[PDB]
């Protein structure tokens, strides 16, 4: 069985701890975090040791690591763990700077490391079923993709300043989803953006409401709509229109009931955020990773996928600034 070390014991870390513990072929061996209480919290809940990042790098009883530390640490930590011969799962992003990313990937290649990036949406049972429908020919040739993502609320200002901006922090999942759904590469990005929700996000130099169109060489188009706040919860919809039809995945909620009164028919709001919306996705993610470890199996999403997504995000940022379509090729 595959022995895991977890780095980062915050929201994202907890979600991965659960997934690892839930997986029958995986053992969660140690946790590390800057805040010791935060690693202890997970150590208790799951019965694993607390350790330093250094110690996990050094330990021969760690086959793989899961990196859920802050954004600034990622590229460094991947390189370190690839040097030490660990299989690596790293949460988005590899880095905010595309050149730093390329450097980090050279190391992975040179060390022959297994790296999976965290685009968890590719492992959602619902979104997977959309992709399998496309693969089975149910909608013919893909033509037009529509992706709408709305977070329940914006992060605080401090996270925004470090985050790399909405396109890189939020829209990046959707850029990856567009690549996942289209079946081929976007070669052009045009984007609009505004600050409609909270001035303070503008003051920090970010946007909170963005719209994007990507186009491939064959003309297929993907439209992305993003908003940092929705009162009804975590909006996560995909839709693909094709020559033979369309396929969509509806929004998920934790509980599905309906109450009818003179005021109408009411169903509950959506999941608060990724923690509960993507529980099954996290389990499928870890399982894929394990298959990619214990067998020599194709890793996806790869380091190449994290870069391509950032490339689109960078190209969107510029599109907004230069008020025009930005080539990628």
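Residue numbers count along the first chain shown, from 1.
Chemist: Of 232 to 240 and 199 to 207, which one has the bigger average CA B-factor?
Modeler: Higher of the two, by average CA B-factor, is 199 to 207.
Chemist: Which is higher on average in the deposited entry, the C-alpha temperature factors of 28 to 36 or of 270 to 278?
Modeler: The entry gives the higher C-alpha B-factor average to 28 to 36.
Chemist: Looking at 106, 220, 253, 132, which one carries the largest C-alpha B-factor according to the PDB entry?
Modeler: Comparing C-alpha B-factors across 106, 220, 253, 132, the maximum falls on 106.
Chemist: Hey, out of 65, 299, 283, 260, whose CA B-factor is highest in the deposited coordinates?
Modeler: Spelled out: the listed residue with the top C-alpha B-factor is 299.
Chemist: What third of the chain, by the recorded C-alpha B-factor, contains residue 149?
Modeler: Its C-alpha B-factor belongs to the lowest third of this chain's values.
Chemist: Sorting by Cα B-factor within the chain, modelled residues only, which third would residue 249 end up in: lowest, middle or highest?
Modeler: Answer is lowest: the recorded C-alpha B-factor places it there.
Chemist: Would you please rank residue 173 by its C-alpha temperature factor against the other modelled residues of its chain and give the third it falls in: lowest, middle or highest?
Modeler: According to the entry, residue 173 has a C-alpha B-factor in the chain's lowest third.
Chemist: Pull the Cα B-factor of residue 265 out of the PDB entry and bin it into the chain's lowest, middle or highest third.
Modeler: Its C-alpha B-factor, which the entry lists for residue 265, ranks in the lowest third among residues of this chain.
Chemist: Within this chain, which third does the Cα B-factor at residue 96 fall in: lowest, middle or highest?
Modeler: Highest third of the chain for residue 96's C-alpha B-factor.
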